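Please read the structure below before turning to the comments.
Each value in this text was obtained by applying a stated rule to the coordinates, not by laboratory testing. Every residue, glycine as well, gets a Cβ built from its backbone with ideal geometry; the counts of neighbours run over all protein chains shown.
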C-alpha cells in the first residue's frame, strides 16, 4: 500500500527556518508529481507547492521567495524547506502524491508547525482515577505549543478513548483524555497514559493508580 | 480572481436522506479538473471525486458528482453515519485559493444521554497549588448539552472550561470534557462537588458527585 510519512514539524521563531520531510513508499516515487498542502487552525485547506517528477517547481503566492520544494528520487523523499518563517505559516502540513491539475490522490497524516516568539513549556501530566465498566482520565496541563500526542498503554487501548481539544488560557494549553475499560481489567491490569510533546522533546508516562 | 464558493457551509442530515452540496466558481472552470476531497475529524483529506464525476478508489457507490462551467455539485444518494465529514471542492484554475471553503456534514441520530464521570483533582496536582475537578460527558446526542457544576449545593461558573470533540463518524455521538479549576486552598474549603448534565428536553438531570472526606 502507498504510504506517506511527514516529519520535521516544530516550534520556530519568526524569521527562522525549518525543514519538513515526507518519506514515500508503496509506489514508484520517481514517476509522480508531489505536493505540499497546509491546514490552518481555522481548518482552511491551502496549497503550498508542487514538484513534477522531472523537478519543475510551483509555489503559492503566499510562500513564493521563502519556501523551497525539492525531491530525492533515490531516497524516495519529498522535502519542504521554509525560510523567513511568518506567524501566518502556522499550520498542519501534509504531503500528497500528485498535484492540483489531475488531483492529489494520496495524503500523509501531516506535521504541525507553529511560528511564535513564545518559548516552549512542556506539560505537567496528572492521573485521573475514580474517587462493569470503568472510565479513567489523564490531565495534560500548561503546555505550549500544540500539539501533544496522547495514547493509552502505548496505543494498545484504542477503542473507548476520547481525547478532547486543548483549551488555551493564560498563553498555555490544557487537555484531558478519557479511556473506558471493563472493570475486571482495572486495577487488575495496568492502564497508563502516554504523553508526547514534540516541541519540548518530552515524553511522559503516567500510570493510573487506585485512589481519588 | 476566481473563487470556489461551497454551500451550505454546514449541513445536518439523517441516515437514508439524499444530500446535495454545491461548488460554484466566479468564472468558467474546466470540468476535467474539478475535484472533491473528504476530510474526517482528526485525519487528513482523501481524494473523493476527480474530474467532476469519477469516484476515487474505495469510495462508496452512493457518492456522485455533477457539473460544468461555473456550477458543480456532490450528491450522496442515501447518507450514512460514516459520511460525517467536511467536503472540499478544488480546481487549479481557482486563485488565489485552489480549494473551496468546504461543506461540513453532520449526521443525525436519536437522542443519547451522556455517560457521566466525575474525578476529584489528582492528589499530585494539588502539590502545584492548583486543583482541577474533571467531568467527562461521553457519547451523547445532540451536540447542545448543558453542564452545571455545584460546590456544596450551590452553582459555580467561574473557572469552568469546556471542550467538545467533533462528531464521531462511527456512531454520530459527541463527547465533551468539563474542567473546574480552583486553588488548592479553595478546593479544600469544601466537601461536596457535583457535575450535572442536562439538555433542553430533559426533565431529569444526570448527576455525578463525590465527597472530599469519603469516596
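Let me see the P(r) profile for the stretch A:72-159: every Cα-Cα distance counted, bins of 5 Å, each bin given as a percent of all pairs.
3, 9, 13, 15, 16, 13, 12, 10, 6, 3, 1, 0
How much of the calculated P(r) for the stretch B:65-114 lies past 19 Å, in percent of all Cα pairs? Walk me through the numbers on the way to the answer.
Numbers: 523 of 1225 pairs.
Counting every Cα pair in the stretch B:65-114, those more than 19 Å apart make up 43 percent.
What translational diffusion coefficient, to the nearest whole µm²/s, does the stretch B:1-82 have by Stokes-Einstein, given a Kirkwood radius computed over alpha-carbon pairs, a temperature of 10 °C and 1.306 mPa s viscosity?
Working: Rh = 13.4 Å.
Estimated diffusion coefficient is 118 µm²/s.
Can you give me the Rg/Rh ratio for chain B, using Cα atoms for both radii and the Kirkwood formula for Rh?
Numbers: Rg = 23.2 Å, Rh = 20.1 Å.
Result: Rg/Rh = 1.15.
Bins of 10 Å, beginning at zero and ending with the bin holding the largest distance: percent of Cα pairs per bin for the stretch A:15-115, please.
16, 54, 27, 3
With contacts defined as alpha carbon pairs under 8 Å and 6 or more residues apart, what's the relative contact order of the stretch A:1-117 in percent?
Details: 287 pairs, mean separation 41.7, N = 117.
RCO, the stretch A:1-117: 36 percent.
Diagonalise the Cα gyration tensor of chain A and give the resulting equivalent ellipsoid semi-axes, square root of 5 times each eigenvalue, largest first, whole Å. Write out the running numbers ahead of the final one.
Details: eigenvalues 280, 88, 33 Å².
Taking √(5λ) for each eigenvalue gives 37, 21, 13 Å, largest first.
Quick one: plug the Kirkwood hydrodynamic radius of the stretch A:1-52 (C-alpha pairs) into Stokes-Einstein at 25 °C, 0.890 mPa s, and report D in µm²/s.
On the way: Rh = 13.2 Å.
After rounding, the answer is 186 µm²/s.
Could you compute the FRET efficiency for residue A:207 and residue B:157, with r as their C-beta to C-beta distance and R0 at 25 Å, rounded to 0.05?
Working: r = 34 Å, r/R0 = 1.36.
The value I calculate is 0.15.
What nm value, rounded to one decimal, do you get for the distance between residue A:61 and residue A:102 when each label is placed 7 Å out toward the C-beta?
About 2.8 nm, to one decimal.
Over all directions, average the projected area of the Cα convex hull of the stretch B:54-158 and note it in nm². Could you put the intermediate results ahead of the total?
On the way: hull surface 52.2 nm².
Its Cα hull, projected and averaged over all orientations, spans 13.0 nm².
Percent antiparallel among DSSP beta bridges with both residues in the protein assembly as shown, to the nearest 5? Write down the numbers at each step before the final one.
On the way: 137 of 143 bridges.
That works out to approximately 95 percent antiparallel.
Binning at 20 angstrom from zero up to the longest distance, how are the C-alpha pair distances of the protein assembly as shown distributed in percent?
23, 51, 24, 1
Output the Kirkwood hydrodynamic radius of the stretch B:110-212, Cα pairs only, in Å rounded to one decimal.
Values: mean 1/r = 0.0702 Å⁻¹.
Computed over the stretch B:110-212, the radius equals 14.2 Å.
Once every DSSP H run of n ≥ 4 in the protein assembly as shown is given -39500 (n - 2.57) and the sum is divided by its residues, what mean residue ellipticity at 222 nm do you get, rounded to the nearest 500 deg cm²/dmol? All intermediate terms of the calculation are to be shown ahead of the outcome.
Values: 2 runs with 8 residues, N = 427.
Only helices count here, giving -500 deg cm²/dmol.
Average the reciprocal distances over every distinct pair of alpha-carbons in the stretch A:118-212, invert the result, and give the Kirkwood radius in Å.
On the way: mean 1/r = 0.0735 Å⁻¹.
Mean inverse Cα-Cα distance, inverted, gives 13.6 Å.
Give, in whole angstrom and from largest to smallest, the semi-axes √(5λ) of the equivalent ellipsoid of the stretch A:156-208, with λ running over the eigenvalues of the Cα gyration tensor. Spell out each step's value before the answer.
Values: eigenvalues 126, 38, 16 Å².
Rounded to whole Å, the semi-axes are 25, 14, 9.
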